[PDB]
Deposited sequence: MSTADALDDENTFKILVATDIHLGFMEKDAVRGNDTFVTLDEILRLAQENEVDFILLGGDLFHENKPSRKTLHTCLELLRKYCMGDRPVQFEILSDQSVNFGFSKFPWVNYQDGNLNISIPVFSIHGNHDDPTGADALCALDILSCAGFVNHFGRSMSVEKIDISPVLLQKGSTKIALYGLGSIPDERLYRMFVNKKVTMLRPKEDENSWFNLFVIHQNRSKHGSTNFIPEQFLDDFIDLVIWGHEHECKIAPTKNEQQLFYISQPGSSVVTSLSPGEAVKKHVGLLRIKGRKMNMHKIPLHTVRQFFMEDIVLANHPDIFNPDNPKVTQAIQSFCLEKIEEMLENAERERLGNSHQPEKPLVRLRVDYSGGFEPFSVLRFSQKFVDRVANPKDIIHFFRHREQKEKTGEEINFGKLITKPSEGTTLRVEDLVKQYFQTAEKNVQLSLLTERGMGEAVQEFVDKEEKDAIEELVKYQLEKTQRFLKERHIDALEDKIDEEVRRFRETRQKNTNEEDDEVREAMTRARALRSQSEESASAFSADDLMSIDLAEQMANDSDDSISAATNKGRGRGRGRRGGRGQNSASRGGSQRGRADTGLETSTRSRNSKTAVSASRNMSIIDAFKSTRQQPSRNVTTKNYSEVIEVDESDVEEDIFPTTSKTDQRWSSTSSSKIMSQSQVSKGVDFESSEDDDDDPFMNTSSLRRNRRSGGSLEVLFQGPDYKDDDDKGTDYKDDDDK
């Protein structure tokens, strides 16, 4: 470290108010932000670079906004002077506000460690005047909101220029934008990154972007190929998986850092990796990133079980397989809890309630058990008593009625109607559209039986007529 080291405590996706109403999950994101601010203060970083999503809710509640403002007043404010200057015109980068200057450039506030930040997809400008929570913070004089897009047609990313000694930074900001729109602008070359004209090649070009990185949709993701080649690093933000280690791009030769969220917002198998915040050190045109673990975030452990992939203790038929799968999941959850207990040693700040998830795929024909009676076991032992277990998986009426009529004609005794005679009338009704097929068949059989009975001169006796019609039905069906 020297007069030219640009120590920047890069953080990203510090959601605030995530499960604030939750009794056990509340007051956890605020603790993580407090730890982040403590790290920045202890390390004497020049400023904090937030990648967006500083607030989970688009309109943060009173509690979250108040806690964030209290933490900012406690840490970001101080008597320490700022060792770097801004060479870009602040009337453009922060020109949206009625005070278009950086917070420490204002004489009414004594800012020690400023906080440059962009806006994520959770807190983006919405409203008639296009306000965001970061805009409220900037109006209060705590956070320098930069990189906001000011147009819906063309995005001209004007950088904010920083100078500490001989080290120069061209900080580019791009707030989160609807992903399809940003992709359609990238393919149509409607986005241009303005560069400082003086000393063009000596600026350490830094880019902060809040966009999808992995395979999410056809247009709902920003491939790295569309970013300009002149960038040197690109913090990424929208991805909550922790990838603090910069990665080399074999196609364009610019580094990529993915700080990842501080808190586990989603139960995907990407948040299981421990969350770290970066500590960027920049000298001239050389970047060195040192990660610092977060000890105030509850561990997230999840495992994937495919019952169809275990044809050894989970037989598809297995009349007593519900107990087997329930016991297997019980042992899995218990092992996860033991692992959480054994890793919690040496850490007095990590909350004593791990996040436990268990995705089960019964694609083989198994049936899920009660998630509602297999969580009562871990009501007070996990931080998510409800989402402990997730269950997911990856004939014609004519034939049925024909077979039912076939069974009926052979199971019961027909008095007058011929064997296999209605069933072919119902098929005529439903297939040939003849709306009087049943009536016509019934009347035909009635008339035939009446004519036969008249011809044979039966007596007016119930038993005699019954026997006669039975014998007629049993003899005339042959031909």
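Chemist: Compare what was deposited with what's modelled and send me the C-alpha-less stretches, numbered from 1.
Modeler: According to the deposited record, C-alpha coordinates are absent for 1-7, 402-426, 512-738, which together make up the missing parts.
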